[PDB]
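This report concerns only the one structure given below.
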Amino acid sequence: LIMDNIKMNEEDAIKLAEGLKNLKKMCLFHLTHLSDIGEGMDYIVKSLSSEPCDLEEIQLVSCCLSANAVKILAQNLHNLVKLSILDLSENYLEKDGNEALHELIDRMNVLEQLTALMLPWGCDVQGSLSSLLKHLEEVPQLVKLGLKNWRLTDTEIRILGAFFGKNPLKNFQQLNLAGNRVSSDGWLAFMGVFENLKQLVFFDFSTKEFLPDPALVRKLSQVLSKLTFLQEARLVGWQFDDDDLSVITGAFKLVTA
Amino acid sequence: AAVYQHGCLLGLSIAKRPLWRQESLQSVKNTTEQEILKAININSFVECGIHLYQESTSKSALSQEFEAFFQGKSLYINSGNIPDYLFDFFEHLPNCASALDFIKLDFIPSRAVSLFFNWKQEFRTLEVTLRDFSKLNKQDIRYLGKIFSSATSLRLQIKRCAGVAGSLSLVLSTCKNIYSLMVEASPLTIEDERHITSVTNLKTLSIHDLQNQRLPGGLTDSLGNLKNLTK
């Protein structure tokens with residue numbers, strides 16, 4: 001199922017879920033770019049993650065899913081085993097998002113297939129990032145992790161630096177970030193995590209707006225240059241000059257803004 | 001490379017037209033012409049090695065022969081005169097040009113910035129000096145930022161600069177790797193002195209001909225902050 005930018009009447013969510021209750025062969029459920037539906041998505045998550053089925057690929061993105069619907073999903077993590085890629089990215093939880101996330105974090109102990117996990121954004125999920133680490137270090141198959149649409153501090157960078165100590169996954173290839181509050185001592189604070197991540201394919205490391213320290217420019221170019229892939233990496237919102245862009249190596253591509 | 005002894009210390013004044021740095025640093029106090037001549041002779045020796053490299057048509061084939069030669073040596077660069085071959089030397093022979101202990105860069109052309117702000121390596125200790133600066137342009141400061149940044153550690157010498165008063169704090173804030181700073185007869189503000197006394201990564205400090213005579217927020221009132229100061 002692939003539904004993309006289809007406008008709903010705020011009612012059909014129920015009927016859609018009802019039809020889905022009879023379809024057990026569903027393997028991919030892609031529902032993204034939704035309008036201001038609000039209520040009815042809680043029904044969809046109530047109908048889904050119940051009545052065991054073969055859904056492995058769930059991609060619910062940019063729909064404004066309520067934290068209460070997330071709580072339903074948390075409760076229902078015991079079901080639909082084999083599901084490996086919970087997404088819920090590009091989704092803001094206005095309140096209680098960190099609590100819904102907390103419950104998700106302390107669960108998933110029955111889901112060994114989990115990979116490429118994207119996170120929900122809430123106010124303030126930064127306080128639970130150290131809690132994610134509790135299970136992230138246990139899953140040596142997390143090819144990618146998406147932690148987007150919130151501000152990161154140097155303290156958080158250092159915490160991640162501990163994550164990137166690291167107990168190796170050896171399968172990690174893609175990381176992302178939509179924005180942050182980053183300085184020279186972090187970015188730099190977390191360097192030395194690329195040597196143990198030679199297979200990195202790409203990253204976003206975006207920022208609202210930052211002028212890269214010359215130390216960053218030189219260090220970044222050299223570190224990325226020695227990577228195995230570096231395929232279509234991005235670095236959005238960074239004020240590189242022509243001289244700095246010249247220093248940057250012949251990467252497949254680079255998006256600076 | 002096997003020869004380490006200097007030998008004769010007479011003449012050899014053809015190199016470095018600014019033999020006395022053209023009315024700059026290394027003035028009447030602590031000259032020691034004999035040591036100055038050694039530095040000039042060494043620089044010529046280093047340049048000769050570079051010339052041999054350029055004509056060796058062995059850019060990568062003889063990296064070791066052209067490593068041991070330069071290891072432990074120093075190189076002087078005049079920003080007003082940067083020969084084309086300097087780029088080939090630094091870019092085509094990595095892990096060797098960096099074997100030099102010191103680089104001495106005097107004075108800002110973007111060419112100086114291009115040569116130094118390279119990918120090749122972060123050179124160990126850079127000795128950078130400023131002479132002809134009655135004014136400090138934002139573009140000059142920007143260029144200095146790039147040049148200062150490309151080093152493991154910094155040594156900075158400022159002489160008779162007029163554009164630096166009230167701008168020294170700004171320029172110094174560009175890089176905290178500076179451990180040796182001296183100022184020669186160049187006016188400074190209290191803000192500049194506050195910056196200096198506030199940076200604890202300094203090991204060597206030299207103050208020449210500063211006659212404000214009123215530095216409460218500065219070195220004359222305290223200077224006890226520079227715990228790492230040795231000279």
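Quick note on naming: the chains in the structure tokens go A, B, ... in the order shown, residues restart at 1 in each chain, and ligands are numbered from 1 in order of appearance.
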Worksheet item: Got a sec to pull out which chain A residues are within 12 Å of chain B, counting only C-alpha atoms, and send them as a ChimeraX atom specification?
Response: /A:184,212-223,225,241-249
Discussion item. Need the shell around residue 156 (chain B): protein/DNA/RNA residues with any atom at most 12 Å away, counting only C-alpha atoms. Skip same-chain ones fewer than 2 positions apart. Format as a ChimeraX atom specification?
Written reply: /B:25,103-107,125-131,144,147-148,153-154,158-159,168,171-172,175-184,202,204-206
Discussion item. List the spatial neighbours of residue 99 (chain A) as an MDAnalysis selection string - criterion: any atom at most 12 Å away, only C-alpha atoms, same-chain residues fewer than 4 positions off excluded.
Written reply: chainID A and resid 67:68 70:71 74 93:95 103:106 120:128 131
If you keep N, CA, C and O atoms, can you produce a file of those selected residues as a short mmCIF file (atom, residue, chain, number, x, y, z; two decimals), in the first residue's frame?
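Written out: result.cif:
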```cif
data_model
loop_
_atom_site.label_atom_id
_atom_site.label_comp_id
_atom_site.auth_asym_id
_atom_site.auth_seq_id
_atom_site.Cartn_x
_atom_site.Cartn_y
_atom_site.Cartn_z
N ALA A 67 0.52 11.54 20.15
CA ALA A 67 1.31 10.75 21.09
C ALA A 67 0.48 9.60 21.65
O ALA A 67 1.03 8.56 22.02
N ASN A 68 -0.84 9.79 21.73
CA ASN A 68 -1.70 8.74 22.25
C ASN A 68 -1.74 7.56 21.29
O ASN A 68 -1.89 6.41 21.71
N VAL A 70 0.80 6.82 19.47
CA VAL A 70 2.11 6.23 19.68
C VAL A 70 2.05 5.30 20.89
O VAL A 70 2.60 4.20 20.86
N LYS A 71 1.37 5.74 21.95
CA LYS A 71 1.19 4.90 23.12
C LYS A 71 0.49 3.59 22.75
O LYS A 71 0.85 2.53 23.25
N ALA A 74 3.03 1.45 21.23
CA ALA A 74 3.93 0.94 22.26
C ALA A 74 3.33 -0.29 22.92
O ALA A 74 3.99 -1.32 23.07
N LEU A 93 5.34 15.50 18.27
CA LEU A 93 4.41 15.27 19.37
C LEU A 93 4.43 16.49 20.28
O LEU A 93 5.41 16.74 20.98
N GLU A 94 3.33 17.25 20.26
CA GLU A 94 3.27 18.52 20.98
C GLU A 94 3.47 18.35 22.47
O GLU A 94 4.07 19.20 23.13
N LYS A 95 2.95 17.26 23.02
CA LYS A 95 3.09 16.99 24.44
C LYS A 95 3.07 15.50 24.71
O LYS A 95 2.49 14.73 23.94
N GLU A 103 8.13 4.70 26.92
CA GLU A 103 7.52 3.38 26.92
C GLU A 103 8.04 2.54 25.76
O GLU A 103 8.28 1.34 25.92
N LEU A 104 8.23 3.16 24.60
CA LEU A 104 8.76 2.44 23.45
C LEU A 104 10.16 1.93 23.74
O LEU A 104 10.50 0.79 23.40
N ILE A 105 10.97 2.76 24.39
CA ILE A 105 12.36 2.43 24.67
C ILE A 105 12.51 1.22 25.57
O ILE A 105 13.36 0.37 25.33
N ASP A 106 11.68 1.13 26.60
CA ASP A 106 11.78 0.03 27.56
C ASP A 106 11.10 -1.25 27.06
O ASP A 106 11.07 -2.26 27.77
N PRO A 120 10.48 9.46 16.50
CA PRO A 120 9.55 10.56 16.71
C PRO A 120 10.24 11.76 17.35
O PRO A 120 11.17 11.59 18.14
N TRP A 121 9.74 12.95 17.05
CA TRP A 121 10.23 14.18 17.68
C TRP A 121 9.22 14.70 18.70
O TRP A 121 8.06 14.91 18.38
N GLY A 122 9.67 14.89 19.94
CA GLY A 122 8.78 15.42 20.97
C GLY A 122 9.45 16.48 21.83
O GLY A 122 10.65 16.75 21.70
N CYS A 123 8.67 17.06 22.74
CA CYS A 123 9.14 18.09 23.66
C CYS A 123 9.23 17.56 25.10
O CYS A 123 8.20 17.48 25.77
N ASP A 124 10.43 17.22 25.61
CA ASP A 124 11.72 17.26 24.92
C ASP A 124 12.38 15.89 24.95
O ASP A 124 12.80 15.41 26.00
N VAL A 125 12.48 15.28 23.77
CA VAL A 125 13.05 13.95 23.64
C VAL A 125 14.54 13.92 23.95
O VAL A 125 15.12 12.87 24.17
N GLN A 126 15.16 15.09 23.99
CA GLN A 126 16.58 15.16 24.29
C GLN A 126 16.88 14.49 25.63
O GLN A 126 17.96 13.92 25.83
N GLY A 127 15.92 14.54 26.54
CA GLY A 127 16.11 14.01 27.89
C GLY A 127 16.13 12.48 27.93
O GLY A 127 16.51 11.90 28.95
N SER A 128 15.72 11.83 26.86
CA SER A 128 15.67 10.37 26.83
C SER A 128 16.68 9.78 25.86
O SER A 128 16.70 8.57 25.64
N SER A 131 18.57 7.13 27.12
CA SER A 131 17.78 5.94 27.38
C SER A 131 17.73 5.07 26.13
O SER A 131 17.67 3.85 26.21
#
```
Practice prompt. May I have the residues within 7 Å of region 5-15 of chain B as a list in words, using only C-alpha atoms and disregarding those fewer than 4 positions away in the same chain?
Written response: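 The neighbour list is residues 37, 38, 40, 41 and 44 of chain B.
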Item to complete: Can you list, as JSON, numbers by chain, all residues belonging to region 173-217 of chain B that DSSP tags as helix (DSSP H, G or I)?
Response: {"B": [190, 191, 192, 193, 194, 195, 196, 197, 198]}
Keeping only N, CA and C atoms, write the selected residues as an mmCIF file, in the first residue's frame.
```cif
data_model
loop_
_atom_site.group_PDB
_atom_site.id
_atom_site.type_symbol
_atom_site.label_atom_id
_atom_site.label_comp_id
_atom_site.auth_asym_id
_atom_site.auth_seq_id
_atom_site.Cartn_x
_atom_site.Cartn_y
_atom_site.Cartn_z
ATOM 1 N N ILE B 190 43.286 48.486 26.298
ATOM 2 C CA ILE B 190 43.111 47.673 27.488
ATOM 3 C C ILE B 190 42.424 46.363 27.123
ATOM 4 N N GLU B 191 41.529 46.415 26.138
ATOM 5 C CA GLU B 191 40.821 45.233 25.669
ATOM 6 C C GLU B 191 41.779 44.210 25.079
ATOM 7 N N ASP B 192 42.843 44.691 24.449
ATOM 8 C CA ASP B 192 43.822 43.799 23.858
ATOM 9 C C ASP B 192 44.633 43.143 24.961
ATOM 10 N N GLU B 193 44.954 43.925 25.988
ATOM 11 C CA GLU B 193 45.720 43.405 27.109
ATOM 12 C C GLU B 193 44.884 42.432 27.928
ATOM 13 N N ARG B 194 43.586 42.706 28.040
ATOM 14 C CA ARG B 194 42.693 41.809 28.754
ATOM 15 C C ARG B 194 42.633 40.460 28.060
ATOM 16 N N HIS B 195 42.543 40.475 26.731
ATOM 17 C CA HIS B 195 42.521 39.228 25.983
ATOM 18 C C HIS B 195 43.774 38.418 26.265
ATOM 19 N N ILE B 196 44.934 39.076 26.227
ATOM 20 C CA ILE B 196 46.201 38.386 26.438
ATOM 21 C C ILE B 196 46.287 37.788 27.838
ATOM 22 N N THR B 197 45.917 38.563 28.849
ATOM 23 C CA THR B 197 46.000 38.082 30.221
ATOM 24 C C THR B 197 44.957 36.997 30.473
ATOM 25 N N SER B 198 43.904 36.983 29.655
ATOM 26 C CA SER B 198 42.813 36.023 29.791
ATOM 27 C C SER B 198 43.073 34.686 29.101
#
```
